[PDB]
Structure formats: structure tokens, C-alpha cells
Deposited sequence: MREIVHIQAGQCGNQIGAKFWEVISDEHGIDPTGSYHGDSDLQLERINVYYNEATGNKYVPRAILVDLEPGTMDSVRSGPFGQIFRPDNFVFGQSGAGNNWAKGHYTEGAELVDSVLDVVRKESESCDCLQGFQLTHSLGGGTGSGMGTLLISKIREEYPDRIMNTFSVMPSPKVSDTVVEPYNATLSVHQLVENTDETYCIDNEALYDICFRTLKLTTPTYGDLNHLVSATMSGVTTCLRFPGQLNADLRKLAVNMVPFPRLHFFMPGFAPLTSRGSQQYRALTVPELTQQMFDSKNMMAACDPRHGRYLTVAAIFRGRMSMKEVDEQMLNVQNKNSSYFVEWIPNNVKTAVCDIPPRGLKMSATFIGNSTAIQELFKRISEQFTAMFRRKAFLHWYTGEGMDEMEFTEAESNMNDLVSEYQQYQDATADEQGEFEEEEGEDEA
């Protein structure tokens, strides 16, 4: 498997998706024009995974709001994107998941799938799809999930990857967001193979406490997202020293089909290079998690760690081993060797040494508990419920999604306490 087809939907989706292409274009040496200006054949060996040969990102930009396509098109790298790849409407979703999934989104979705299809048919061998979207709004959340289900119907055998930003009132105090995100999470447990939980709550806390930013902006939070996305895609994009696609990753990371929500992390955090012990310690530190969950409150089912930069592998293997040895309690003992390390000799821009963390931890239930409690608070007073049913959406879908997410929580809880 080689090529990956990238979809970004909604405001959040397109803003994190744009930042993603800037980082990895800079990493691969692709200039804003689509011209290669890199200094190493390593940068080009797997350019094919994300780019079509000048190099054009295999990305489909989607929104029901018109202006967000204007804002990316004049963004720093807005010209690299294929013009035909822009699929947008004029109405908008109005922070309403049901408008995105069922009405405004349903009217635009076949148009997107035609662009998806022509990107797919151009692929040597399709490795899967990746989607960047927020779950708290209307387009990325509702229509993003509609796209996910449509792709899953047309490409049943392909991997579906998502980078989903979780709502936090710390960042958007909009009270319908728990509704939209619970409706989406329901979609996600059924229809994605891998979902990186990008928690705005954690993004804000990192920026506010760790980065000492008094008033973090979407640029500050998106700085952490873009660095996380570069890191988790490092082994897809750079020559290994690892012969693995998205499916082999999913196979080894996901022991149970519904438990496919990853807690990503990064070190060092930023807006002098670290030692390997520093890198390892910070990478397992709660402060470095992009999901607002304390990993010491749960247990790791599976962990993948990617180190970037010139560094001692015997030091890394020893650091990883003593962390597992010293904190064996935090690692499920009925998955032998569930902490896997990989290393890439190419570091990210402006850094000599970095480490990216992908944890399948039962502590992520705290994230879903947080959303569930906010969903239940709103749902029980039945506020704004008519905005959704008025779009044709059955009310039972609300209780269905809430039940599915609460089933998710207990399912994490039983593997948290399972013994061997």
C-alpha cells in the first residue's frame, strides 16, 4: 500500500489540514508552488504517499461554508492544492450536526465523493483515507461523518483514519458542541479504523500552562496539532527502517474494533535539544498528551513511539524498557511487547530531536466521560433539540449515540481492570 487520500472538512478541518500540508511540505522540501527544493533523496522517496508527480497534495478540501475556501486558497500554501479539489457550498452548517449529516451536507456529499473517486482511481494502490475535522461543529462533524460512512460503503476494504478535534468550552463556549460531538463519536466508533483524539481541552491546557500563553489562539493550538500530525505520519512519509502501511498499524494498535481512539503526544513541546532520557520521560508525561486524560488513571493496551533525529538507539531501547519496567502497572500484561519503538533519522523543522507518542490507553474514557456529562446536562433539559429534529433527524439517534459512547466508556473500563 502506498497512497493516502486526505480529506479536510469544515472550518477546523481545513485550518488544521492546511497547517498539516505546510509542515509536511516543508519536511519534504515541496515549496508553496509545488516545486521540490529539498536537499536529500530521503525527502522524495515516499512523496508519493501524500502527493501526486511538480507535487500536488492528494487532498480534497470540503466545506458547506464558502469563505473558508477563500481563506485557505490565499493561505501560505493555498496554491498547491488542486483547484478542482475544492468542493464547497454556500449555505453553511450553523454548528448543527444534523444540517451537516442530513440536509445541507447530504446535498453536497455526492459532489465530494466524485472528487474522492477520481483521486482514488489515480492511485497505484490505495492505502486509505485520512480526514481532519472537528467534532464540535456542523460541517466537519456531521458531513465529515456522512463522508466517512459513504467512503466506508464504497471502499469497504480501505483504512479510514481521522484526526478529530474534541470540543472544549475552554476554547469554544458553544453549548450545542456536546450534541454534535456525541453524534459524531457514535459514527466514529462504528466506521473508523483509527482516530487520533485531538482534544482542544488538552491543547489549551498545554498552551496555557506549559507554554505560558495567556490567551492561546487557534494558531497556538494548531501549532501543536500540526506537529502531532507530522509526527504520527513520520513512518508513512519517510524511508524506513519499517515496512508498514496504515493497515499494519491498525492491526497492531487496535486489539478490539471499537477501541481505536488514540491519545497522541509530542516532545518537546514548543510554540537546546533534549537528551534521550528527557525525550522518553516527557513523551510519557501527562502534560505532553493531546487528549485531556491522565494516563496514570488508566492502562496502556498498546503504544507506538516514533523518535526523529540523530540519536543513540541503545539509549532509546533502554529508556523505553525501564519506563515499562519501572511502571509495569500502567501497561496491560496480556499484550506481550505492546510498546513498540521506531526511529527516523530526519528531524522536524526547527528541531534536532523529537519523539511522537501514540497511546491506546483506557484513560481516554475520561475524555468521553467529559463529553458525555456535558451531553447529558444539555439533553436532560432538552435545549435546542428541535434544531436537530427539525432537520429530519430522529430524536432516537440522540439516545442511540449517547448509549454507544457510554458503552465505549465501560468497554475501556473493563480492559483497564482486566488481569492476566
| property | result |
| --- | --- |
| Stretches with no C-alpha position, numbering per deposited sequence from 1 | 53, 55-57, 276-281, 431-445 |
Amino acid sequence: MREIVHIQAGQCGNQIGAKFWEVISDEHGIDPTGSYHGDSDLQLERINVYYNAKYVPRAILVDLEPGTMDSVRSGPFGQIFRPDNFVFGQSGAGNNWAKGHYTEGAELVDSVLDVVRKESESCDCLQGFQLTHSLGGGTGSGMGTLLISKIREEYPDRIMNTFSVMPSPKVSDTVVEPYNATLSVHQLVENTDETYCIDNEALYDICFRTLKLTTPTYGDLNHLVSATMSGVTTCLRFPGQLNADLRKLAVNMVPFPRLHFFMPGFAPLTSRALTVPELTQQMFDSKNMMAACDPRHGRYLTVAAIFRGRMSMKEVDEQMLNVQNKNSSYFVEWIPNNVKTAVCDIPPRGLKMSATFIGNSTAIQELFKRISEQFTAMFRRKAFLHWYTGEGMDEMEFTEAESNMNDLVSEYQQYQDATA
From here on, numbers count along this sequence of modelled residues.
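For the two forms, the rigid core is made up of the largest set of C-alpha atoms that agree within 1.5 Å on superposition.
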{"property": "Stretch with larger C-alpha RMS deviation in 7 other deposited structures of this protein, core superposed, 387-395 versus 358-366", "result": "387-395"}
{"property": "Which of 287-295 and 166-174 lies farther from this form in 7 other deposited structures of this protein, as RMS of C-alpha positions after a rigid core fit", "result": "166-174"}
{"property": "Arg272 coordinate gap across at least a third of other entries", "result": "yes"}
{"property": "Of 369-377 and 29-37, the stretch whose C-alpha atoms average the higher B-factor in the entry", "result": "29-37"}
{"property": "Mean Cα B-factor comparison, 131-139 or 314-322, giving the higher one as deposited", "result": "314-322"}
{"property": "Top Cα B factor in the deposited entry, candidates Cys344, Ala291, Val165, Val112", "result": "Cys344"}
{"property": "Residue with maximal Cα B-factor (values as given in the PDB entry) among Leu385, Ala363, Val62, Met353", "result": "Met353"}
{"property": "Record-listed C-alpha B factor of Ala418: chain third", "result": "highest"}
{"property": "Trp97 CA temperature factor, ranked by third within the chain", "result": "lowest"}
{"property": "Chain-relative CA temperature factor third for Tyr55", "result": "highest"}
{"property": "Position of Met1 among the chain's modelled residues by C-alpha B-factor, lowest, middle or highest third", "result": "highest"}
{"property": "Third of the chain, ranked by Cα B-factor, where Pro169 sits", "result": "lowest"}
